[PDB]
Structure formats: C-alpha cells, structure tokens
Enquirer: 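Attaching a single structure in structure tokens format; questions to follow.
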Amino acid sequence: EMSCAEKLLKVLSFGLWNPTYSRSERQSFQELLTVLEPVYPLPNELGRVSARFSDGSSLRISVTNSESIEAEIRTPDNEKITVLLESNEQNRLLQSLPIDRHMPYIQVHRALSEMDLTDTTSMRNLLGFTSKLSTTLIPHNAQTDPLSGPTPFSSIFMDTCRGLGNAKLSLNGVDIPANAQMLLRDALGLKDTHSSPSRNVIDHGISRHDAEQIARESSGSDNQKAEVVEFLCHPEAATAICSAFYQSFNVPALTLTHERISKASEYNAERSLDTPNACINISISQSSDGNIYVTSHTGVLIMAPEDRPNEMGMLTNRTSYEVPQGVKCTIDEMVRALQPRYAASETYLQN
Ligand SMILES: [Mg+2]
Ligand SMILES: [Mg+2]
C-alpha cells in the first residue's frame, strides 16, 4: 500500500477538507501534514517545503514566484518523480503549505472539528496545525518594526530561556523534544534567566560532545542525527536558535489584530481558563551547502465579536529569515545582520 509521502501528496492534491474524508481520516492526514517543513527556498521560489517520513519516503514541494507548484516524491521502491500540481478553489493547496504570500487579506483557515482551545496542550496542538498553513505578508512601520527602536533583540536570551523546553523545535525536520531542548539550553551556557551565551559557544558553536548528546535524545535516523550534530557545531547555529525566540517578531501581526486579541483575553478571563499567552513552533533548516534558514511561529489567541460568524481562534505569525555565514550569537550581530520577513494568518475553531 501507499507510502506516507504518497498519502500526503494525495491529501494535498485533493484538499484536506475533501468531502470523501471522515473526521477520523482528516485527523490522520493532519498528522502527515506535521511532517511538512518550510526550508530555505531557491532564488526563483516563493516557498519550499520538505517532508521526510520514517518509512523512507519523502516529499519536497516548491512554489515558484509565479505560483507554479512542483512536488518531488521519493518512494521506497527507489522511484523518484516530480509531479506538477495546481492550486484551485477545491483543493486549497496554496493555503495548505507553510509559505508566505502577498494577498489583499490575512489568510483565514478552519481548525479541524476536534480541536479546541481549553488549555496549554490544545493551544500547542492548534499551532502544530497552523504552522503548516499559509500566511499573508504584512508590512511593518517604525512603531511595530522588531528591528527598530532603542534596543532591538535586547530580550533575546531571556526569550530563549523562556522558549527552550516550552516550544516545538525541529532541525532539518528532526524534532528536538523538551528534554533535548533543556540540554540545548545548557549547551548554550544559558544557566539562568539573566545570562547570555558563553564566549566559547559564541566563537566556536556548541561542542561536539554536547551536540552528540542533544541529537541522541532527538528523533531521526542516524544520518539525520549526524545532520543535527553538524548543524549544531556551527557558530551561527546558536545565532539561529536564539534569534528564533524573539518575542517582538509578532508585533506587526498583534497590532493589526489588537481588538480580537483583547476579546480573547477578556473571554478567557471571564470563564477562568488557563491558557498560555503565546505558543512557539520553530523550524530551522540548513541546506547541503550550509545555508541556514529560520522559520519561527508564534500563536496567540483571538476571538471574533459575538455578532460575527466565528468565535475563538489563533493568530499565527510566521517569521522567516536567513542567518548569514559569520553572524555570531550576540545582540549586536543579530541587529547588524538579520533581516526577517513577517506574515500572519487567522485560524478559527468550527461551530
Ligand atoms: Mg538540510
Ligand atoms: Mg462571533
């Protein structure tokens, strides 16, 4: 029967919300979608996405600047083919990929029927889904620019302390679980919440011994573990990982959605629900030429007015950037060199 990559390709071609799927099938297909990862795109691509499944199959999807879609599928038989896909109103393919697009509106998605926003777990679950869906590019101004103001990136290492062990993190699609993230925080030298990385890490990256230990705890085949190790030993791996946690990345998105942010906050207060103020989902990618790419997602709750059709949902902010060679893990270096791009979506719970 079909490989995972082939299953995912089918779901994407025909759309996750296809009438023939039951709720239970829709749920199972969403777990396949979790394997999709945004990666560094080629110069002619608006977005590139990659999934490597444990059955040995893989799917890489490229969207050209002209929104042409190509999907390279590798299946256990040794077969390797590139399929041409088209996005239409029926499949919502373009909407079902972790890519940024210019659009006249912030993209709206529907959550699966079983999703809710009761607690930490359910909120992290929703972000697990929305981090795989499309976002709309938003402009910043001097007021909302994460890279402007008196002290851009000043909170970065506290943000990293806050995020590690409390975030979804993948490196080349290899999930780094909570305990491995705590090891990673130690390896960076972030011993306490008011500290910055050790000088040795800044200059040489994470030690090979520390990198091995972190990769060991993580998912992945042995080859994929080697990928993670080689990534971690780069001085700019520390820059990538730390910079990804910046709390101010989503300020443009928060500003344009401030009423619905406020309504969600008031609604949860009123019925005493304990939800986090934000959830974090990060995918870092290094290409075989060594180029490092960060896609960082922050989800915050939103709620539409009572008289509007929707109720509770999530505002997802996607921040994308390259970490250039020679950018060391300091505030000044991040400010000097990083040039992020910002995009958002709104995803609402169903009836
Ligand atoms: Mg790679
Ligand atoms: Mg309403």
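Along the sequence shown, the residues carry numbers beginning at 1. These values consider heavy atoms only, across backbone and side chains, with no hydrogens, waters or symmetry-generated copies.
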Enquirer: Drop me the distance from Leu16's CG to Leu33's CG, to the nearest 0.5 angstrom.
Expert: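 With rounding to 0.5 Å, CG (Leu16) is 6.5 Å from CG (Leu33).
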Enquirer: Kindly compute the distance separating CD1 (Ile202) from SG (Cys329), expressed to the nearest 0.5 Å.
Expert: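 Here the rounded value is 6.5 Å.
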Enquirer: Might you point out which heavy atoms bring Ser195 and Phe157 nearest each other, and give the distance in Å?
Expert: O-CB, 3.5 Å
Enquirer: Taking side chain as C-beta onward, heavy atoms only, is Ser96 less than 4.5 Å from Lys132?
Expert: no
Enquirer: For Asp77, does the CG atom have more than 12 heavy-atom neighbours from other residues, nucleotides or ligands under 6.0 Å away?
Expert: yes
Enquirer: Any chance CZ of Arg162 has more than 12 other-residue heavy atoms, nucleotides or ligands included, within less than 6.0 Å?
Expert: no
Enquirer: With sequence neighbours left out, what residues match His209 under side chain to side chain donor-acceptor pair (under 3.5 Å)?
Expert: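 Side chain to side chain donor-acceptor pair (under 3.5 Å) check on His209 returns nothing, list empty.
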Enquirer: With a 4.0 Å cut-off on N to O distance, would you call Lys328 and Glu333 a salt bridge?
Expert: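 The answer is no: the pair does not qualify as a salt bridge.
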Enquirer: Are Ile241 and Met158 in one and the same hydrophobic cluster, where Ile, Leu, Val, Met, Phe, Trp and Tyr link if side-chain heavy atoms are under 4.5 Å apart?
Expert: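 No, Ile241 and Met158 fall in different hydrophobic clusters.
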Enquirer: Any side-chain to backbone donor/acceptor pair from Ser87 onto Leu94? Under 3.5 Å, distance only.
Expert: yes
Enquirer: Between the side chains of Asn18 and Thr20, is a donor N or O closer than 3.5 angstrom to an acceptor N or O?
Expert: yes
Enquirer: Kindly indicate, with the supporting measurements, whether the criterion side-chain contact (heavy atoms from CB on, under 4.5 Å) is fulfilled by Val228 and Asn172.
Expert: CA-CA 7 Å; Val228 175; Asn172 290 1; 5.5 Å; no
Enquirer: Check whether any side-chain heavy atom of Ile331 lies under 4.5 Å from a side-chain heavy atom of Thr151, and answer yes or no.
Expert: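 SC-SC contact between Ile331 and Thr151 ruled out.
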Enquirer: Salt bridge or not for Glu37 and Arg48, using N-O below 4.0 Å?
Expert: no
Enquirer: Answer yes if the side chains of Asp55 and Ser57 hold a donor-acceptor pair under 3.5 Å, and no otherwise.
Expert: yes
Enquirer: I'd like to know whether CG of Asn351 has more than 12 heavy-atom contacts from other residues, nucleotides or ligands below 6.0 angstrom.
Expert: no
Enquirer: CD of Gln350: more than 12 outside heavy atoms within 6.0 angstrom?
Expert: yes
Enquirer: Does the pair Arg60 and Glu70 meet the rule for a salt bridge (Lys or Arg N to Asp or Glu O under 4.0 Å), with working shown?
Expert: CA-CA 8 Å; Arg60 182 270 298 166; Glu70 300 172 12; 5.2 Å; no
Enquirer: Taking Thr316 for the side chain and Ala344 for the main chain, is one N or O donor matched with an acceptor at less than 3.5 Å?
Expert: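 A pair under 3.5 Å: no.
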Enquirer: Check the hydrophobic clustering (I, L, V, M, F, W, Y; side-chain heavy atoms under 4.5 Å; chains of links allowed) and say if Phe29 and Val35 are grouped together.
Expert: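 Yes, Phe29 connects to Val35 through the hydrophobic network.
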Enquirer: Taking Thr257 for the side chain and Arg260 for the main chain, is one N or O donor matched with an acceptor at less than 3.5 Å?
Expert: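 Absent.
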Enquirer: Salt bridge or not between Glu114 and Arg26? Use side-chain N to carboxylate O under 4.0 Å.
Expert: no
Enquirer: Near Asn277 CG, under 6.0 Å, is it more than 12 heavy atoms from other residues, nucleotides or ligands?
Expert: no
Enquirer: First locate atom OH of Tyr246, then atom OG1 of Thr160, and finally report the distance between them rounded to the nearest 0.5 Å.
Expert: 11.5 Å
Enquirer: Between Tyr293 and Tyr321, does the ring centre distance come in under 6.0 Å?
Expert: no
Enquirer: With rounding to the nearest 0.5 angstrom, report the CG to CG distance, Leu164 to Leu183.
Expert: 11.0 Å
Enquirer: Give a yes or no on whether the backbone of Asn141 and the side-chain of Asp145 come within a donor-acceptor separation of less than 3.5 Å.
Expert: no
Enquirer: Hey, can you tell me if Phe153 and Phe249 have their rings parallel, tilted or perpendicular (30° and 60° cut-offs)?
Expert: perpendicular
Enquirer: Side chains of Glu45 and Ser62: donor-acceptor distance under 3.5 Å anywhere?
Expert: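 A pair is found: one side chain offers a donor N or O, the other an acceptor, under 3.5 Å apart.
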Enquirer: Are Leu36 and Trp17 grouped together when hydrophobic residues (ILVMFWY) are joined by side-chain heavy atoms under 4.5 angstrom apart?
Expert: yes
Enquirer: If hydrophobic clusters are built from ILVMFWY residues whose side chains come within less than 4.5 Å, do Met182 and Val229 share one?
Expert: no
Enquirer: So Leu301 and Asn268, side-chain contact (heavy atoms from CB on, under 4.5 Å) or not? Walk me through it.
Expert: CA-CA 10 Å; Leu301 300 189; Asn268 287 329; 3.4 Å; yes
Enquirer: Tell me whether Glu236 contacts the main-chain N or O of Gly326 through its side chain, where contact means a donor paired with an acceptor under 3.5 Å.
Expert: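 Here the side-chain-to-backbone pair exists.
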Enquirer: Please determine whether a side-chain nitrogen of the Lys or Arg among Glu227 and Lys225 lies less than 4.0 Å from a carboxylate oxygen of the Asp or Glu.
Expert: no
Enquirer: Return yes if some donor-acceptor pair links the side-chain N/O of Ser122 with the main-chain N/O of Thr118 below 3.5 Å, else return no.
Expert: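 Here the side-chain-to-backbone pair exists.
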Enquirer: Any sub-3.5 Å donor-acceptor pair from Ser287's side-chain atoms to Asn291's backbone N or O?
Expert: yes
Enquirer: When clusters are formed by joining ILVMFWY residues with side-chain heavy atoms under 4.5 Å apart, either directly or through shared neighbours, do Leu127 and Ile106 land in the same one?
Expert: no
Enquirer: If the threshold is 4.0 Å, N to carboxylate O, is there a salt bridge linking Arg336 and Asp332?
Expert: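 No, no charged N to carboxylate O under 4.0 Å.
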Enquirer: Within this structure, what is the CZ-CD1 distance for the pair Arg74 and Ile81, rounded to the nearest 0.5 Å?
Expert: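 Separation between the atoms: 12.0 Å.
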Enquirer: Would you call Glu212 and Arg216 a salt bridge, using N to O less than 4.0 angstrom?
Expert: yes
Enquirer: With side chain to side chain donor-acceptor pair (under 3.5 Å) as the rule and sequence neighbours excluded, what pairs involving residues 295-304 come up?
Expert: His297-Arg318
Enquirer: Can you find a pair of side-chain heavy atoms, one from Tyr40 and one from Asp289, that are under 4.5 Å apart?
Expert: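 No, every pair of side-chain atoms sits at 4.5 Å or beyond.
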Enquirer: Is there a donor-acceptor contact under 3.5 Å from the side chain of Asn91 to the main chain of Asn88?
Expert: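 A pair under 3.5 Å: yes.
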Enquirer: If you apply the rule side-chain contact (heavy atoms from CB on, under 4.5 Å), what do you find for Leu46 with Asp100, and how did you get there?
Expert: CA-CA 7 Å; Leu46 71 73; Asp100 297 331; over 6 Å; no
Enquirer: Decide yes or no on side-chain contact (heavy atoms from CB on, under 4.5 Å) for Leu188 and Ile206, but give the supporting numbers first.
Expert: CA-CA 7 Å; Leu188 288 162; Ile206 289 149; 4.2 Å; yes
Enquirer: When you look at NZ of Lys263, are more than 12 heavy atoms from neighbouring residues, nucleotides or ligands closer to it than 6.0 Å?
Expert: yes
Enquirer: Within a 6.0 Å radius of atom CD on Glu67, are there more than 12 heavy atoms belonging to other residues, nucleotides or ligands?
Expert: yes
Enquirer: Under a 4.5 Å cut-off applied to non-hydrogen side-chain atoms, are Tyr342 and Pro139 in contact?
Expert: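 No, too far: nothing below the 4.5 Å cut-off.
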Enquirer: When rounded to the nearest 0.5 angstrom, what distance separates CD in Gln247 from CD1 in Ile280?
Expert: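 Between atom CD of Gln247 and atom CD1 of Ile280 there are 9.5 Å.
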Enquirer: Do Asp186 and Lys191 meet the salt-bridge criterion of a basic N to acidic O distance under 4.0 Å?
Expert: no
Enquirer: If you group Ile, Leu, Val, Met, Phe, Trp and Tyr whenever their side-chain heavy atoms sit less than 4.5 Å apart, what else falls in with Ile302?
Expert: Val108, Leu254, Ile261, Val300, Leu315, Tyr348
Enquirer: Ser28 side chain to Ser24 main-chain N or O, any donor-acceptor pair under 3.5 Å?
Expert: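 At least one qualifying donor-acceptor pair exists.
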Enquirer: Just by distance, with hydrogens left out, do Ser248 and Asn250 show a side-chain donor and acceptor under 3.5 Å apart?
Expert: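 Checked: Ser248/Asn250 side chains show no N/O donor-acceptor pair below 3.5 Å.
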